[PDB]
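Each of two forms of one protein chain follows alone as structure tokens, named structure 1 and structure 2.
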Structure 1
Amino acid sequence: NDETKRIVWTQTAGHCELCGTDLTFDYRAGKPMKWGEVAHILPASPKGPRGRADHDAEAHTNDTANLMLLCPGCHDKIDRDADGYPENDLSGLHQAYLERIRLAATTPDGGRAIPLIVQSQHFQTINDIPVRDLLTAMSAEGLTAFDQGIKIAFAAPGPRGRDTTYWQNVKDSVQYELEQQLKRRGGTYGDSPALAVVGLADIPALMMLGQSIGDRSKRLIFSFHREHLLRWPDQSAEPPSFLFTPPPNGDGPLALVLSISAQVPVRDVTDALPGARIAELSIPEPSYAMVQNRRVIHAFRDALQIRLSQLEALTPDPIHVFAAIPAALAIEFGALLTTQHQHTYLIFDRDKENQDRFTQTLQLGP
């Protein structure tokens, strides 16, 4: 009936459940118009597409679970290739679509924030965080934005690897490009904008990023995850214990090893920094997947805050960092150095141009 059709239009918000197009407006010529169709998953005729002689059309005809709002072209397609769009497939997509709309309508407003994606090109594969997945994880926490945000992609390493020019580009990406793009947004978000930031880039560059947004109010760190993408793996998980080994007595450069994503072999630290006094922060079971929720990041921040103070009093010389940590925790490491820790930190990193030996990269200081 006309009432059920109006309900199909309402609960779908007038978009095609299969492609997402807005069926309430014509953006080419600018006229509000209803150009959608209410499609039947199960046909009245059991000889039609997805027709089953063992089906009660007396009930499903008005069941909002048998009725999808589809643009004209998607309806043509599901009805002309029933083998390719079986009932089970379409009913699944149908309920999932309605759920996301309900969840969006019932999410309490949490405020505004600037989406910020920072990604490098130093991997030997594509490295691309989808903007949509960051905006979706923000929206699940009530956060919205006026624009799709800032997305900074570092220049790729040249023929000499990650050389001086490369690390200069990184500095210009963090300290100049990001600043300019944030300044261009002042008139819109104001002078107290929250930063919804996710990063997947060189560890030293994420630390530098963190230090340059560390004095920013309302910093929400998100995380790219190999299984869950921008979704938090498990909101109910407990942070691990961040085990700490203080460094041994003596002179020699003080090295801070962080074994969070993996166990950093001591033999690689002393190879690069002979005579190193190794202090180590680790978790019981190092793992790439350990960033289960933001409380894990806060817990890492809390544990590191205390150890950096201890180490900064155990030496007058720079602290040499050898880190195997997730990206989100590299940002947070850097954020601790913005005003709370003014000691000098020299960041070593794996060097593909040197058989995976650690070599010095950026220096982070006051």
Structure 2
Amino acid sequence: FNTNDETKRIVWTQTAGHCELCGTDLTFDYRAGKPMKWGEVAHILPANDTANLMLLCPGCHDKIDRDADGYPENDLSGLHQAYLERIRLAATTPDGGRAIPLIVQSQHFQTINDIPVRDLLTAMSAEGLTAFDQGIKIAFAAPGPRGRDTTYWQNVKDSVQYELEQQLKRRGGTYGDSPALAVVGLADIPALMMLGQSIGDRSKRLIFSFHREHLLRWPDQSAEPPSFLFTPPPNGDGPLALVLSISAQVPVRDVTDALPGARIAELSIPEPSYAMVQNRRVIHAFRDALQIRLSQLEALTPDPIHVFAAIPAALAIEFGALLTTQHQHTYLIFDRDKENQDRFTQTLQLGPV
């Protein structure tokens, strides 16, 4: 199965350097400064055209049966060609820069600082993005006396998803490829998380961060994302709680007062800041970092995870999106309640009921 070097380069290229059977990015050590042999090339069919060769991580390659020359015992032509097909569409996408403007604000933050659609368009132009059309502007409904109960949240989600479906009824979206979303939000954490749930983890989303009111640019596109410092939780019988100290440092006293006996796991960065989202790459870092720790925490108990978060709007959306794929686990979201002396108060339940 060993094959010449130019063949290696073609296979790495056409597969975009990921293991076809499990999406592991095989350049992860280059992304920290090391060479290119973290991957194994296999033929697809049992018993020269590079289109007949798969790129695998050694972990998956070991799990495959193989003959004396290295060929597989079972045919996987379907998976390979499917994978390559997926790549082909992504790479060849026409109007790769068009995205749908999506602005979502809560009655309170629109009255103080309404984001007009034009301003999002401005930030898009500054990145080289262009607009499908007038776009979507949604205002989260003010909760009635029923508060933000289960019915309220469902109505919120539907309103978003309604507007999303309407763009697919313009033909281009319905089939072929679902359009990209230039999304920005200006509400409390629970609401924005719900917006994240609506668009979903697998959507082509381009999140924006209007943390500085009339700044319509990423602060520093060169900036490297911060390290996300994880503090695993202590043992005990208490309810498991997740603290996100990114916009600020969350006082442990405030957590336990709202959630007695909380076993606090914490994710933080060295210098918490409201403006820590220096460029979009930070968000991807957040996701990758968080996506890991969530898997670890879910393993320690099936009981709900209580979330106390101090994160910028943009991350609140992304966090909501991650949990879409993690629909096996129950999370309870706490946010500062102005009506209860700014104490953390449970407003939202995500995942299973």
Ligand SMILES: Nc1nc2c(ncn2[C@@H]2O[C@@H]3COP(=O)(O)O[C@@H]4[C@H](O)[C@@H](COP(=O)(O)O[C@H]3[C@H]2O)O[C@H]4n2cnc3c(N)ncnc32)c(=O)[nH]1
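Think of the rigid core as the biggest set of C-alphas that the two forms share within 1.5 Å after superposition. Structure 1's sequence is the ruler for residue numbers, which start at 1.
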query	finding
Correct structure when looking for the form solved without the ligand	2
Sole residue of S287, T245, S241, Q95 shifting 2 angstroms or more in CA between the two structures, core aligned	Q95
Large Cα move at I213 between the two structures, threshold 2 Å, rigid core	no
Rigid core superposed: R162 CA moves 2 Å or more between the two structures	yes
Rigid core superposition, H320 Cα moves 2 angstroms or more between the two structures	no
Core superposition result - C-alpha of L116, shift between the two structures, Å	0.2
Angstrom displacement of the CA atom of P72 between the two structures, core fixed	70.7
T125 CA shift between the two structures in angstrom, with the core used for superposition	6.4
